[PDB]
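In the block that follows, a single chain appears as structure tokens, in the form deposited in one PDB entry.
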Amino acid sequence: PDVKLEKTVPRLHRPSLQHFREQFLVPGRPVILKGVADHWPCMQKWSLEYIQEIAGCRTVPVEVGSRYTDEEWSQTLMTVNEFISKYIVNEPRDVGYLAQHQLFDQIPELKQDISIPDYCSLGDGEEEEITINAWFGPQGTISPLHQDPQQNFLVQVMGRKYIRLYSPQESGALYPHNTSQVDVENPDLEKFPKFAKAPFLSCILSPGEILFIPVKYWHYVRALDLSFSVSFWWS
């Protein structure tokens, strides 16, 4: 998608903690951190076949469908192997996603391949209550526009994701059902008049990069290739 024609998220190579707290965290402004996670072992070490070997056997919850309404999506328990088989390799017809699952409690060994970003300590909370999630799905997975109740560090390990960001002081034009009723990349201009002209920031997130997504900031995600991401929810 055309990102050179959109306002893009600012990228910074290893900004100091102070400059992050003051210019981003406190005011709640997105930023892309560069050269912080890119040498994490996960970056080299996590091929499709690496994961398939070590995790292939474990049972994991799988999203079929997109999350616009509760009734509009469903989950299924299968193995990583069944999942990789049915929704990734060869020619998968339907989409399925391994979203928002805590793989690193299920498999503490993988914890050595990632770190907790230093920037987290600027928050009030304790490292132990930080919620790490895995997001592992094929190209074409869509997580609809919504906001989380915490600060977020989303780390991209494998593949690229297109991400769009609307601030919270912009909720009006987004039409909450929280989560939006708008389809960011195919919007009903008339059902939703106020949306076309709401200001956003966007980005293509690549391997090695971290997107800071400020608490309650609205975000929408579409994967551009086979993808693996790790999120840190923190306060």
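C-alpha atoms forming the largest set that superposes within 1.5 Å between two forms make up the rigid core. In this text, residue numbers run from 1 along the sequence as written.
Q: Could you find out if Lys191 - modelled in this structure - is missing from at least a third of the other PDB entries compared that contain residues on either side?
A: That residue is present in all of the other compared entries.
Q: Is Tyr68 missing in a third or more of the other PDB entries that were compared?
A: Across the other compared entries, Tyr68 is absent from at least a third.
Q: Does the chain run continuously from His177 to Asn178, or are deposited residues unmodelled in between? Answer none, 1 to 3, 4 to 9, or 10 or more.
A: Going from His177 to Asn178, the model skips 4 to 9 residues of the deposited sequence.
Q: Output the stretch having the higher mean C-alpha B factor in the entry; the candidates are 25 to 33 and 190 to 198.
A: Higher of the two, by average CA B-factor, is 190 to 198.
Q: Taking the recorded C-alpha temperature factors, which stretch has the higher mean, 200 to 208 or 179 to 187?
A: Between 200 to 208 and 179 to 187, it is 179 to 187.
Q: With respect to C-alpha B-factor, does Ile116 fall in the lowest, middle or highest third of the chain as deposited?
A: CA B-factor rank for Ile116: middle third.
Q: Just say lowest, middle or highest third for the CA B-factor of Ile132 relative to the other modelled residues in its chain.
A: Answer is lowest: the recorded C-alpha B-factor places it there.
Q: Tell me, lowest, middle or highest third: where does the Cα B factor of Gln156 rank within its chain?
A: For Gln156, the deposited C-alpha B-factor lands in the lowest third.
Q: What third of its chain's C-alpha B-factors does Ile84 belong to: lowest, middle or highest?
A: Middle third of the chain for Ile84's C-alpha B-factor.
Q: Quick check on the deposited entry: does the C-alpha B-factor of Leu122 sit in the lowest, middle or highest third of its chain?
A: Highest third of the chain for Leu122's C-alpha B-factor.
Separately, the form deposited in another entry exists; it is not shown, and the next lines address it.
Q: For the list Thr59, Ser171, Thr69, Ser206, which one shows a CA move of 2 Å or more between this form and the one not shown after the core is fit?
A: Result of the superposition: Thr69 is the only one at 2 Å or more.
Q: Pin down for me whether the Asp70-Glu129 Cα distance shrinks or grows in the other entry relative to this form (closer or farther, change of 3 Å or more).
A: They are farther apart; the C-alpha distance rises by 3 Å or more in the other entry.
Q: Tell me whether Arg67 and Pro149 end up closer or farther apart in the other entry, going by their C-alpha atoms; the shift is 3 Å or more.
A: More distant in the other entry, by 3 Å or more.
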